[PDB]
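Beneath this line is the structure, given in structure tokens, with notes to follow.
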Amino acid sequence: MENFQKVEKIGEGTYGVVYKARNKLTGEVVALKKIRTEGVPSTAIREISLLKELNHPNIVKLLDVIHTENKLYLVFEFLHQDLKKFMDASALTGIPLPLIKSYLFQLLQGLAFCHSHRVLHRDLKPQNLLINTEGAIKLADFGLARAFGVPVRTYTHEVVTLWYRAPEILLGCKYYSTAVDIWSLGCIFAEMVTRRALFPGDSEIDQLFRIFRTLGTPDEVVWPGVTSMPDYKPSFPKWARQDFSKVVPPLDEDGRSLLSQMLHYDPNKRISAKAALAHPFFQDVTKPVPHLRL
Ligand SMILES: Nc1nc(Nc2cccc(S(N)(=O)=O)c2)sc1C(=O)c1ccccc1
């Protein structure tokens with residue numbers, strides 16, 4: 001606290017509040033997350049000290065982890081804007097496709113890296129995707145679900161966004177796979193394209209039903225084992241899959257094809273980050289510069 005010259009609240013993360021702070025000594029400007037205890041799971045602190053080694057250009061760098069006074073502080077490299085704010089600022093014009101494509105490609109590179117090291121994000125959303133003036137986009141605020149036991153409620157009772165949650169999580173699957181991050185990224189990709197959230201649920205059931213209404217209620221044909229999942233109910237309504245050209249107009253067929261593969265119901269059929277990077281949609285990918293007003 002005395003090591004970081006005052007501050008400036010830049011939001012309230014999923015676990016606590018996030019601040020923009022300056023290293024009272026080095027003068028370094030960083031993002032500081034203050035995690036709000038009764039001892040702090042040594043297991044969690046250990047799994048954290050593992051994210052410190054995760055270095056990659058498309059992953060926000062975790063500089064230090066500091067436990068003190070029952071409070072936990074995570075020091076991260078600071079970026080000036082998040083994708084949620086950038087999308088709202090581009091809502092009237094839309095983000096140009098080359099930039100959408102560049103961001104998607106970089107995020108898949110970041111995910112391919114995390115996933116090859118057996119690390120899952122679990123909570124990807126526009127708010128935790130950070131961008132800079134150089135055209136880079138980075139994954140931040142990695143969630144460590146289960147962590148202490150089973151996270152499902154915050155302290156500030158701040159509403160949890162379900163818009164990007166994979167269907168297997170909603171159906172009660174106990175073990176998440178790398179596929180959950182691909183689903184979330186697919187939802188984000190669609191949102192950059194249409195400038196509207198793909199599946200804006202207000203509850204867990206509304207989230208699930210919004211997905212079903214668009215992609216069709218899943219069955220054993222498209223998703224083997226789905227009817228035996230924990231929260232699956234034979235009473236779910238049966239919606240026909242909607243024509244996909246109506247989902248993300250006016251995205252081209254290469255884009256629509258990749259998105260359809262990122263949104264497959266069966267986590268085992270869902271495309272991997274590595275395979276996605278080889279999709280035809282990225283044959284002409286470039287690295288444009290965004291117009292950022294800081
Ligand atoms: N690294 C990092 N940078 C951030 N910047 C930022 C983000 C939004 C607005 C503004 S600003 N200046 O007010 O325009 C700045 S946030 C963050 C996180 O590491 C993080 C931590 C928890 C949850 C999500 C990201």
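Every chain in the structure tokens takes a letter, A first, then B, and so on in the order presented; its residues are numbered from 1, and the ligands are numbered from 1 following the presented order.
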Go through region 75-119 of chain A residue by residue and, counting only C-alpha atoms, keep those with an atom at most 10 Å from region 280-289 of chain A; for each kept residue give the shortest atom pair and its distance in Å to one decimal, ordered by chain and increasing number, as a tab-separated table.
```
residue	atom	partner	partner_atom	distance
A:96	CA	A:288	CA	9.4
A:97	CA	A:285	CA	9.7
A:98	CA	A:286	CA	6.7
A:99	CA	A:288	CA	5.7
A:100	CA	A:288	CA	9.4
A:101	CA	A:285	CA	6.4
A:102	CA	A:287	CA	5.6
A:103	CA	A:287	CA	8.4
A:104	CA	A:282	CA	9.4
A:105	CA	A:282	CA	7.3
A:106	CA	A:287	CA	9.4
```
Q.
Show me which residues line ligand 1, defined as having an atom within 9 Å of a ligand atom where only C-alpha atoms and all ligand atoms count, and present them as number ranges by chain.
A. A: 8-20, 30-33, 60-62, 74-85, 127-131, 138-142, 294
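If you measure from each of A:262, A:36, A:290, A:171 to residue 156 (chain A) using only C-alpha atoms, the closest one turns out to be A:36.
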Q: Mind listing the alpha helix (DSSP H) residues of region 12-85 of chain A, per DSSP on the backbone, as a PyMOL selection string?
A: chain A and resi 42-48+83-85
Q.
Report as JSON, numbers by chain all protein, DNA and RNA residues lying within 9 Å of residue 251 (chain A), evaluated on only C-alpha atoms, omitting residues in the same chain fewer than 3 positions from it.
A. {"A": [97, 190, 193, 194, 245, 248, 254, 255, 256]}
Generate the output file for the selected residues, N, CA, C and O atoms, as a compact mmCIF listing (two decimals), in the first residue's frame.
```txt
# COMPACT_ATOMS: atom_id res chain seq x y z
N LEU A 97 -13.23 -5.09 -40.14
CA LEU A 97 -12.93 -6.52 -40.17
C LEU A 97 -11.46 -6.89 -40.02
O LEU A 97 -11.11 -7.86 -39.33
N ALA A 190 -18.40 -12.95 -32.49
CA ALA A 190 -19.71 -12.60 -33.04
C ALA A 190 -20.13 -11.20 -32.62
O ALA A 190 -20.73 -10.45 -33.40
N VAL A 193 -18.40 -8.44 -34.47
CA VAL A 193 -18.95 -8.38 -35.82
C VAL A 193 -20.33 -7.72 -35.87
O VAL A 193 -20.55 -6.79 -36.65
N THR A 194 -21.25 -8.17 -35.03
CA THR A 194 -22.59 -7.62 -35.05
C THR A 194 -22.81 -6.37 -34.22
O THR A 194 -23.78 -5.63 -34.45
N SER A 245 -26.83 -17.89 -41.25
CA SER A 245 -26.56 -16.64 -41.97
C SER A 245 -27.30 -15.47 -41.30
O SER A 245 -27.04 -14.29 -41.57
N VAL A 248 -24.68 -13.85 -37.60
CA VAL A 248 -23.68 -12.80 -37.65
C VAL A 248 -23.58 -12.06 -38.98
O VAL A 248 -22.49 -11.89 -39.53
N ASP A 254 -16.05 -17.51 -44.76
CA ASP A 254 -14.89 -18.00 -44.02
C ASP A 254 -15.11 -17.72 -42.52
O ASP A 254 -14.87 -18.58 -41.66
N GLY A 255 -15.53 -16.50 -42.21
CA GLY A 255 -15.77 -16.13 -40.82
C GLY A 255 -16.88 -16.95 -40.19
O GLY A 255 -16.73 -17.43 -39.06
N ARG A 256 -17.97 -17.12 -40.92
CA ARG A 256 -19.13 -17.89 -40.43
C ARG A 256 -18.73 -19.34 -40.18
O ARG A 256 -19.12 -19.93 -39.18
```
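The set of residues in region 53-179 of chain A assigned to strand (DSSP E or B) by DSSP, using only backbone atoms of this structure, is residues 59, 62, 63, 64, 65, 66, 67, 68, 71, 72, 73, 74, 75, 76, 77, 81, 82, 129, 130, 131, 137, 138 and 139 of chain A.
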Pull C-alpha atoms from the residues just selected and write them as a tab-separated table (two decimals), in the first residue's frame.
```tsv
chain	number	residue	atom	x	y	z
A	59	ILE	CA	-1.19	-12.63	-22.18
A	62	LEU	CA	1.60	-10.98	-13.97
A	63	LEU	CA	4.50	-9.11	-12.34
A	64	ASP	CA	4.08	-10.06	-8.69
A	65	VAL	CA	1.83	-11.76	-6.18
A	66	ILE	CA	1.81	-10.34	-2.68
A	67	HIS	CA	-0.01	-11.77	0.32
A	68	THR	CA	-0.19	-9.54	3.39
A	71	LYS	CA	-5.37	-9.40	1.62
A	72	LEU	CA	-3.91	-10.62	-1.67
A	73	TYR	CA	-2.48	-8.27	-4.30
A	74	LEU	CA	-1.80	-9.17	-7.91
A	75	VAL	CA	0.45	-6.77	-9.82
A	76	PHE	CA	-0.04	-6.77	-13.61
A	77	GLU	CA	1.39	-4.90	-16.58
A	81	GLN	CA	-8.28	0.13	-22.55
A	82	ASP	CA	-10.39	-3.04	-22.57
A	129	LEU	CA	-9.38	-8.53	-23.05
A	130	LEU	CA	-6.99	-5.53	-23.00
A	131	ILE	CA	-5.73	-3.54	-26.00
A	137	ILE	CA	-4.80	-7.44	-27.57
A	138	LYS	CA	-4.13	-9.50	-24.43
A	139	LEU	CA	-5.89	-12.01	-22.16
```
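Coordinates place CA of residue 70 (chain A) at a distance of 13.5 Å from CA of residue 44 (chain A).
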